[PDB]
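*Asks:* File structure_32.cif below, mmCIF, C-alpha atoms; chains and numbers go by the auth columns:
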```cif
data_target
#
loop_
_atom_site.group_PDB
_atom_site.id
_atom_site.type_symbol
_atom_site.label_atom_id
_atom_site.label_comp_id
_atom_site.label_asym_id
_atom_site.label_seq_id
_atom_site.Cartn_x
_atom_site.Cartn_y
_atom_site.Cartn_z
_atom_site.B_iso_or_equiv
_atom_site.auth_seq_id
_atom_site.auth_asym_id
ATOM 1 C CA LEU A 1 0.000 0.000 0.000 0.00 630 O
ATOM 2 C CA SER A 2 2.788 2.414 0.985 0.00 631 O
ATOM 3 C CA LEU A 3 4.821 1.634 -2.159 0.00 632 O
ATOM 4 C CA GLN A 4 1.818 2.286 -4.418 0.00 633 O
ATOM 5 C CA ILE A 5 1.095 5.773 -3.051 0.00 634 O
ATOM 6 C CA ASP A 6 4.794 6.769 -3.265 0.00 635 O
ATOM 7 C CA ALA A 7 5.019 5.804 -6.943 0.00 636 O
ATOM 8 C CA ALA A 8 1.778 7.695 -7.666 0.00 637 O
ATOM 9 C CA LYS A 9 3.364 10.986 -6.541 0.00 638 O
ATOM 10 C CA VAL A 10 6.315 10.472 -8.920 0.00 639 O
ATOM 11 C CA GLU A 11 3.930 9.793 -11.829 0.00 640 O
ATOM 12 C CA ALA A 12 2.110 13.075 -11.113 0.00 641 O
ATOM 13 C CA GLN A 13 5.364 15.057 -11.448 0.00 642 O
ATOM 14 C CA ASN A 14 5.924 13.749 -14.987 0.00 643 O
ATOM 15 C CA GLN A 15 2.442 15.049 -15.877 0.00 644 O
ATOM 16 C CA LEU A 16 3.199 18.502 -14.398 0.00 645 O
ATOM 17 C CA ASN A 17 6.538 18.544 -16.250 0.00 646 O
ATOM 18 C CA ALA A 18 4.731 17.627 -19.494 0.00 647 O
ATOM 19 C CA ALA A 19 2.301 20.507 -18.919 0.00 648 O
ATOM 20 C CA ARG A 20 5.179 22.996 -18.747 0.00 649 O
ATOM 21 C CA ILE A 21 6.967 21.539 -21.814 0.00 650 O
ATOM 22 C CA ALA A 22 3.959 22.004 -24.107 0.00 651 O
ATOM 23 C CA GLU A 23 3.457 25.621 -23.016 0.00 652 O
ATOM 24 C CA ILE A 24 7.084 26.787 -22.748 0.00 653 O
ATOM 25 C CA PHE A 25 8.296 25.352 -26.062 0.00 654 O
ATOM 26 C CA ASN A 26 5.290 26.884 -27.858 0.00 655 O
ATOM 27 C CA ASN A 27 6.416 30.329 -26.651 0.00 656 O
ATOM 28 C CA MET A 28 9.989 29.462 -27.691 0.00 657 O
ATOM 29 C CA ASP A 29 8.882 28.741 -31.273 0.00 658 O
ATOM 30 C CA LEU A 30 7.042 32.086 -31.316 0.00 659 O
ATOM 31 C CA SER A 31 10.235 33.814 -30.085 0.00 660 O
ATOM 32 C CA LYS A 32 12.070 32.665 -33.212 0.00 661 O
ATOM 33 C CA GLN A 33 9.075 33.328 -35.511 0.00 662 O
ATOM 34 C CA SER A 34 8.834 36.959 -34.326 0.00 663 O
ATOM 35 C CA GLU A 35 12.592 37.352 -34.883 0.00 664 O
ATOM 36 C CA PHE A 36 12.177 36.409 -38.572 0.00 665 O
ATOM 37 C CA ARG A 37 9.841 39.401 -39.011 0.00 666 O
ATOM 38 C CA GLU A 38 12.746 41.640 -37.950 0.00 667 O
ATOM 39 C CA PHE A 39 15.079 39.866 -40.393 0.00 668 O
ATOM 40 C CA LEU A 40 12.574 40.381 -43.237 0.00 669 O
ATOM 41 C CA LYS A 41 12.257 44.052 -42.190 0.00 670 O
ATOM 42 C CA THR A 42 16.037 44.435 -42.764 0.00 671 O
ATOM 43 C CA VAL A 43 15.917 42.782 -46.208 0.00 672 O
ATOM 44 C CA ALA A 44 12.995 44.983 -47.321 0.00 673 O
ATOM 45 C CA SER A 45 14.987 48.121 -46.415 0.00 674 O
ATOM 46 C CA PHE A 46 17.994 46.980 -48.449 0.00 675 O
ATOM 47 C CA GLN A 47 15.954 46.285 -51.595 0.00 676 O
ATOM 48 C CA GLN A 48 14.298 49.725 -51.383 0.00 677 O
ATOM 49 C CA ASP B 1 18.925 55.213 -43.234 0.00 678 E
ATOM 50 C CA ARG B 2 18.076 53.238 -46.380 0.00 679 E
ATOM 51 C CA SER B 3 14.861 55.229 -46.924 0.00 680 E
ATOM 52 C CA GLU B 4 16.746 58.534 -46.854 0.00 681 E
ATOM 53 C CA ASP B 5 19.575 56.991 -48.932 0.00 682 E
ATOM 54 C CA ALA B 6 16.893 56.044 -51.507 0.00 683 E
ATOM 55 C CA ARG B 7 15.717 59.689 -51.549 0.00 684 E
ATOM 56 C CA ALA B 8 19.367 60.762 -51.946 0.00 685 E
ATOM 57 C CA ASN B 9 19.733 58.620 -55.106 0.00 686 E
ATOM 58 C CA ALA B 10 16.946 60.638 -56.752 0.00 687 E
ATOM 59 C CA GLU B 11 18.609 63.930 -55.741 0.00 688 E
ATOM 60 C CA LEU B 12 21.946 62.781 -57.213 0.00 689 E
ATOM 61 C CA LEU B 13 20.089 61.914 -60.439 0.00 690 E
ATOM 62 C CA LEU B 14 18.446 65.374 -60.552 0.00 691 E
ATOM 63 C CA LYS B 15 21.887 66.991 -60.181 0.00 692 E
ATOM 64 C CA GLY B 16 23.027 64.781 -63.085 0.00 693 E
ATOM 65 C CA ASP B 17 20.319 66.303 -65.337 0.00 694 E
ATOM 66 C CA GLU B 18 21.095 69.811 -64.070 0.00 695 E
ATOM 67 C CA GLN B 19 24.892 69.569 -64.506 0.00 696 E
ATOM 68 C CA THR B 20 24.445 68.516 -68.167 0.00 697 E
ATOM 69 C CA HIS B 21 22.412 71.676 -68.856 0.00 698 E
ATOM 70 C CA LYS B 22 24.995 73.753 -66.964 0.00 699 E
ATOM 71 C CA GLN B 23 27.640 72.388 -69.326 0.00 700 E
ATOM 72 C CA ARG B 24 25.482 73.226 -72.361 0.00 701 E
ATOM 73 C CA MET B 25 24.667 76.802 -71.318 0.00 702 E
ATOM 74 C CA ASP B 26 28.131 77.825 -70.079 0.00 703 E
ATOM 75 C CA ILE B 27 30.114 76.444 -73.057 0.00 704 E
ATOM 76 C CA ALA B 28 27.644 78.018 -75.514 0.00 705 E
ATOM 77 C CA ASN B 29 28.293 81.553 -74.229 0.00 706 E
ATOM 78 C CA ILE B 30 32.112 81.057 -74.073 0.00 707 E
ATOM 79 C CA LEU B 31 32.234 80.046 -77.744 0.00 708 E
ATOM 80 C CA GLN B 32 29.748 82.760 -78.761 0.00 709 E
ATOM 81 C CA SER B 33 31.879 85.487 -77.169 0.00 710 E
ATOM 82 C CA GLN B 34 35.036 83.935 -78.662 0.00 711 E
ATOM 83 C CA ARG B 35 33.829 84.192 -82.267 0.00 712 E
ATOM 84 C CA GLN B 36 32.462 87.727 -81.797 0.00 713 E
ATOM 85 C CA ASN B 37 35.667 89.059 -80.199 0.00 714 E
ATOM 86 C CA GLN B 38 37.776 88.750 -83.343 0.00 715 E
ATOM 87 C CA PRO B 39 35.600 90.938 -85.704 0.00 716 E
ATOM 88 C CA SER B 40 35.068 93.463 -82.865 0.00 717 E
ATOM 89 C CA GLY B 41 38.792 93.797 -82.137 0.00 718 E
ATOM 90 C CA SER B 42 39.469 94.132 -85.877 0.00 719 E
ATOM 91 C CA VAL B 43 37.674 97.524 -85.780 0.00 720 E
ATOM 92 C CA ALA B 44 40.172 98.826 -83.234 0.00 721 E
ATOM 93 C CA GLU B 45 40.957 96.633 -80.246 0.00 722 E
ATOM 94 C CA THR B 46 38.945 95.154 -77.405 0.00 723 E
ATOM 95 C CA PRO B 47 39.782 92.472 -74.794 0.00 724 E
ATOM 96 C CA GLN B 48 37.432 89.481 -74.557 0.00 725 E
#
```
Could I get this file's structure written as structure tokens?
*Replies:*
Amino acid sequence: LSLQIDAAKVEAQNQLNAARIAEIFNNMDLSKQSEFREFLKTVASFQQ
Amino acid sequence: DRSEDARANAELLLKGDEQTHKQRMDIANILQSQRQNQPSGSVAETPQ
């Protein structure tokens, strides 16, 4: 009984870690995507 | 910088059109006074 409840707490931490990973990496993709708009803004100035 | 540099290209081009006309007008009056000096100075004398 005591071994089952201890292992259940560890399993719950992997779920909370997975919740952060989906959110935090989504914002990290958007960090790079918004940086490409600044790169394109430089190229458009050069061609003008 | 590149926007104002673009505007500057047009101003350099306008000076290019202007400087050609400046070369046409100035040279025309030098040569016109050069041909007229010789018959005038044949009457008596005159500097150019």
*Asks:* Please identify every residue of chain E that has at least one atom no farther than 8 Å from an atom of chain O, counting all atoms listed in the file, and for each give the shortest atom pair and the distance in Å to one decimal, arranged by chain then increasing number, as CSV.
*Replies:*
```
residue,atom,partner,partner_atom,distance
E:679,CA,O:674,CA,6.0
E:680,CA,O:677,CA,7.1
E:683,CA,O:677,CA,6.8
```
*Asks:* Could you give me, as a ChimeraX atom specification, the residues within 12 Å of residue 713 (chain E), counting only C-alpha atoms and dropping anything in the same chain fewer than 6 positions from it?
*Replies:* /E:706-707,719-720,723-725
*Asks:* Report, in Å with one decimal, the straight-line distance from CA of residue 721 (chain E) to CA of residue 709 (chain E).
*Replies:*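 Going from CA of residue 721 (chain E) over to CA of residue 709 (chain E) covers 19.7 Å.
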*Asks:* Could you jot down the CA of residue 722 (chain E) to CA of residue 710 (chain E) separation for me, Å, one decimal place?
*Replies:*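 Spanning CA of residue 722 (chain E) to CA of residue 710 (chain E) is a straight-line distance of 14.7 Å.
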